[PDB]
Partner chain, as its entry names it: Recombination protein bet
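One chain comes next, on its own, written as structure tokens: the form solved without its partner chain.
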């Protein structure tokens, strides 16, 4: 992939692009993304029937293709996370010793069906996921518990990010500015071939299914960028 290939499908320049602005939203339209991918790999307790959270993501992506828009949502917990991310990144740079370059949005392949937006690409070749828990409660949970208390939606997000970029290891940092001390904590998460295999199987199935459903109602993927 190039910045250039992204101009031919969407007519947006990917370098003039801030993570959170109009252009960034448009580029994700109907694309399977790392923070949402947990809904794709979600399985029922029994049977072969899509759980509801996976059907809702299905139907949310289809609506993004056919409406060309994405609803704007707002909440303190969300505005908090957006407010502190920079400092999280700066503190994580200081402590870990690695340099972070910011990445806008990375697509896995030429179909632009799948993407992630890393919180950064480190100088040692790991990517970076930053969380600034709105609740000190959840930062505390991560601080004491480490790798093992990372929710599965977050594990799905990090692994899928490795699947997309082809990388082998990922930083997972939490930052809480209200902590008097010990307000940054992080781990390194190695690429998990069991997740990788699971995305090679499920993600192409989700895609073919979205393509089935759009045809039925007379839309095509890419229509959101036309």
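Shifts are known only where both forms have a C-alpha. Here, rigid core means the biggest group of C-alpha atoms that superpose within 1.5 Å across both forms. Numbering follows the first chain given and starts at 1.
- On average the C-alpha atoms of 65-73 have higher B-factors than those of the other stretch, with 65-73 and 51-59 being the two compared.
- Stretches 42-50 and 166-174 differ in mean CA B factor, with 42-50 having the higher one.
- Looking at 203, 16, 210, 217, the one whose CA carries the top B-factor in the deposited record is 16.
- Taking only the listed residues 131, 151, 141, 113, the entry reports the highest CA temperature factor at 151.
- Placement of the Cα temperature factor of residue 190 within the chain: middle third of the modelled residues, per the deposited record.
- When the modelled residues of the chain are ordered by their C-alpha B factor, residue 146 lands in the highest third.
- In this PDB entry, residue 123 carries a Cα temperature factor that places it within the middle third of its chain's modelled residues.
- Compared with the other modelled residues of the chain, the Cα B-factor recorded for residue 79 ranks in the highest third.
- In the PDB entry, a CA B factor belonging to the lowest third of its chain's modelled residues is recorded for residue 117.
From this point on, the text means the form deposited with its partner chain bound, which you will not see here.
- For the three marked residues, 117, 126 and 192, no heavy atom of any sits within 4.5 Å of its partner chain in the bound PDB entry.
- With its partner chain left out of view, the stretch that reaches within 4.5 Å of it through heavy atoms in the bound PDB entry is, among 156-164, 193-201, 33-41, 175-183, 175-183.
- Within this chain, residue 101 is remote from the site of its partner chain in the bound PDB entry, having no heavy atom within 4.5 Å.
- The closest heavy atom approach of residue 109 to its partner chain in the bound PDB entry falls outside 4.5 Å.
- Interface membership of residue 95, defined by any non-hydrogen atom within 4.5 Å of its partner chain in the bound PDB entry, is confirmed.
- Contact check for residue 152: every heavy atom lies farther than 4.5 Å from its partner chain in the bound PDB entry.
- Checked against its partner chain in the bound PDB entry, the residues 132, 105, 91, 122 give one hit for a heavy atom within 4.5 Å, which is 91.
- Shown without its partner, the chain has 83, 84, 86, 87, 90, 91, 94 in segment 68-94 as residues with a non-hydrogen atom within 4.5 angstroms of its partner chain in the bound PDB entry.
- The two forms, fitted on the rigid core, differ between the shown form and the other one by less than 2 Å at the CA of residue 110.
- With the core held fixed between the shown form and the other one, residue 146 has its Cα displaced by at least 2 Å.
- A shift of at least 3 angstroms brings the Cα atoms of residue 155 and residue 74 nearer to each other in the bound PDB entry than in the displayed structure.
- The pair residue 74 and residue 40 is tighter in the bound PDB entry: their Cα-Cα distance falls by no less than 3 Å compared with this form.
- 72-78, 146-148 make up the set of runs between the shown form and the other one where every Cα shifts by 2 Å or more, each run at least three residues long, with the core as reference frame.
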